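The chain contents come next:
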Amino acid sequence: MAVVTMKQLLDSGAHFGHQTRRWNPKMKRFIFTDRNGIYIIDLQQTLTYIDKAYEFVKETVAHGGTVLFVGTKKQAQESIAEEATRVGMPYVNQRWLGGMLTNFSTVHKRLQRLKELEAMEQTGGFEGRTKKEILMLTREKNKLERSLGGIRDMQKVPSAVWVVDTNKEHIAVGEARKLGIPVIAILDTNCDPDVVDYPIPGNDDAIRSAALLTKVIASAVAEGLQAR
RNA sequence: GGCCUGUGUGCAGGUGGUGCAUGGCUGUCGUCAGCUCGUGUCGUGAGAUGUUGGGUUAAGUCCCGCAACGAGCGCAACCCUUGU
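Reading the values: the criteria
Residues numbered from 1 in each chain as written, not as in the entry; some residues may be left out. Chains lettered and ligands numbered in written order. Part of a larger assembly, values for the part shown. Heavy atoms only, no water. Helix = DSSP H or I, 4+ residues; strand = E, 2+ residues; numbered from the N terminus. Expected span 1.5 Å × (residues − 1). Buried < 20%, exposed > 50% of the residue type's maximum accessible area, 1.4 Å probe, protein only. Arc of directions from axis to C-beta. Contact = heavy atoms within 4.5 Å. Pairing = 2+ DSSP bridges. Axes fitted to C-alpha atoms, helices over the stretch in contact; angles between N-to-C directions. 1 Å grid on protein atoms, 1.4 Å probe; cavity = no way out; pocket = protein on both sides within 12 Å on 5 of 7 lines; lining within 4 Å. Points joined across faces, edges and corners; volume = space filled by probe spheres on them. Nonpolar A, V, L, I, M, F, W, Y, C, P; charged D, E, K, R; others polar. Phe/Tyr/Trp six-rings, centres within 6.5 Å; stacked < 30°, edge-to-face > 60°. Near = heavy atom within 4 Å. Polar contact = N/O pair within 3.5 Å; in protein donor to acceptor, adjacent residues only side chain to side chain.

Right, let's talk about helix α5 (residues 131–147) for a bit. For α5, which comprises 17 residues, the first-to-last C-alpha distance of 25 Å matches the rise-based estimate of 24 Å (1.5 Å per residue) to within 8%. Taken together, the buried positions of α5 are occupied by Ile-134, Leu-137, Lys-141 and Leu-144. Here the buried residues of α5 occupy an arc of 85° about the axis, which is enough to place them on one side. Turned more than 90 degrees away from the buried face of α5 sit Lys-132 and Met-136, all of them exposed. Those residues of α5 that are buried lie in contact with α4 (104–122).

Taken in spatial order, the 5 strands line up as β4-β3-β5-β6-β7 in an open sheet, and their pairing is parallel. The sheet is open, and its two borders are formed by β4 (91–92) and β7 (198–201), each paired with just one other strand. Two elements, strand β3 (residues 67–70) and strand β5 (residues 160–163), share 4 bridges in a ladder whose sense is parallel. Bridge pairing in β5 links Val-70 to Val-163. Contacts between helix α8 (residues 207–226) and the sheet are confined to β3, β5, β6 (183–187) and β7, with β3 contributing the most and set at about 165° to the helix.

Moving on, we come to unusual backbone geometry. If you check the backbone angles, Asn-36 has positive phi at about 60° while not being a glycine. Relative to the helices and strands, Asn-36 is located in the loop between β1 (31–34) and β2 (39–41). Residue classification places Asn-36 among the exposed residues on the basis of a relative accessible area of 77%.

Take empty space enclosed by the protein next. For the coordinates displayed, the defined rule picks out 5 cavities of 30 Å³ or more. Of the pockets and cavities examined, the largest cavity occupies roughly 80 Å³. Along the walls of the largest cavity sit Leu-117, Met-120, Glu-121, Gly-125, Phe-126, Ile-134, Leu-137, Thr-138 and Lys-141, which together make up its complete lining. Every element with two or more residues in the lining of the largest cavity is listed here: α4 and α5. Looking at the lining of the largest cavity, the element that brings in the most residues is α5, giving 4 residues. Counted by class, the lining of the largest cavity contains 5 nonpolar, 2 polar and 2 charged residues. In this structure, the second largest cavity is lined by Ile-50, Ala-53, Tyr-54, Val-57, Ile-184, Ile-200, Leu-213, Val-216 and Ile-217. Within the residue set of the lining of the second largest cavity, elements represented by two or more residues are α2 (43–62) and α8. Broken down by element, the residue count for the lining of the second largest cavity peaks at 4 residues, all from α2. Of the residues belonging to the lining of the second largest cavity, the class tally is 9 nonpolar, no polar and no charged.

A few words on the packing of aromatic side chains. Enumeration over the complete set of coordinates arrives at 3 aromatic pairs. For the ring pair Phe-30 and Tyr-49, a centre distance of 6.1 Å and an interplane angle of 25° mean the geometry is stacked. Taken as a pair, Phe-30 in the loop between α1 (6–11) and β1 and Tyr-49 in helix α2 lie far apart in primary sequence, 19 residues in all.

Taken together, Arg-95, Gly-98, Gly-99, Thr-102, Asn-103, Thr-106, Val-107, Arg-110, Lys-143, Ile-171, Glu-175 and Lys-178 make up all the residues around RNA strand B. Restricting attention to atoms of RNA strand B within 4 Å of the protein, one finds that 60% of them are sugar or phosphate atoms. At 3.2 Å, a backbone N or O of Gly-99 approaches a base nitrogen of RNA strand B. With respect to RNA strand B, the side chain of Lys-143 contributes an N or O atom lying 2.9 Å from a phosphate oxygen. When contributions to the surface near RNA strand B are tallied by element, the ones reaching two or more residues are α4 and α7 (170–179). Residues of the surface near RNA strand B, tallied by class, amount to 2 nonpolar, 5 polar and 5 charged.

Dropping the structure here:
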């Protein structure tokens, strides 16, 4: 099953990898040809793995599951956040707090405090406290809001995790593999293929490629959720 | 029965000993800013992380970074006096 054409991936800059000094040697089965110090990824393998990943995510969300959108690099932050908000899944955009999946019982209390803070703001009580403590509450609210945005709606813990640039986000993929959750990720030439259960070859550093692939998986989630 | 006088019987009474058996109270490092815990992670383990780095402060005071996220006893505040 395919959604985006080989030519769309070609002019989207999806086959451009990193240099020949940083490649993970396990990606010799993805890398297709070397041209001018850039490793070029195999598009046929890309679409075979895209078929596999699409089937997996569709099955998961059609059974009633959640897909975590994880992105920290500036190229993927805005795109991932926008598409996750538009479809209705939890997302991570700014920074991954260590121990959010494997330690949810603790970080969920921070979400409870976010509920409490927003609820006490909605009551409108401002001048009933110290005018310094109110400011401290406001920056505390800003911190929690900028830290936890999709996990705010997430609650009942994820079913699969979709991550961009595994190499940057090693903490998330490690926690997911520790919990036994399958990992869906985009892989550049410097990302280990063995630590991703459902890999999609791709370029992580380009905003065009990031947006295209992550919106592909968002569309998959949308169709599967509609299939519920 | 209240009451003491007696003879005894228990017994009282010990500023007698051990602060190297103790409780309680107090000095001291020092009113110095530090000391820890929960869950998570790393290590076979003792343990480490957090509490490290940059900046700032009277201060582990606070901000920004970070496999950590929080919390407690401390700092500050609430109390009295003095200045309008």
